[PDB]
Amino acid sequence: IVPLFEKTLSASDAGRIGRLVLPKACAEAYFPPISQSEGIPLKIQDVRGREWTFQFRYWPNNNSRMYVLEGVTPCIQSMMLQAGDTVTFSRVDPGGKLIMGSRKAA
């Protein structure tokens, strides 16, 4: 159960827009590498083992890339998360299932 990264949800991530940005460094060290901009359907599951499915994609951004998970709103809702709170990611050694954790802020 290797843990990978953490990200405090900003207003845009926790809002209903539907897109949680991933830190470029994080998304590139820990999520599958993506060649094309459309990206990969990425299957995470939460602490209750419910499998949610996001779209892991990027956009161009000053010749760099900007990585984002789309489709996040119902899952974040299900954790009763809001901005300030932090979301976390981990992996499981066999099969590499990516697991989403969260913790609320003080």
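Don't overthink the numbering: it's just position in the shown sequence, from 1. We call the rigid core the largest set of C-alpha positions that still match within 1.5 Å between the two forms.
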Overlaying the structures in 4 other deposited structures of this protein on the rigid core, point out which of 5-13 and 87-95 has the bigger RMS C-alpha shift.
87-95
The stretch that moves more in 4 other deposited structures of this protein, judged by RMS C-alpha distance from this form after core superposition, 26-34 or 44-52, is 44-52
Higher of the two mean Cα B-factors (2-10, 95-103; per PDB record) comes from 95-103
Decide which of the stretches 19-27 and 84-92 has the higher mean C-alpha B-factor, going by the entry.
84-92
Out of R50, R57, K43, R65, which residue has the highest Cα temperature factor in the PDB record?
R65
Please say which third, lowest, middle or highest, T73 falls into when its CA temperature factor is compared across its chain.
highest
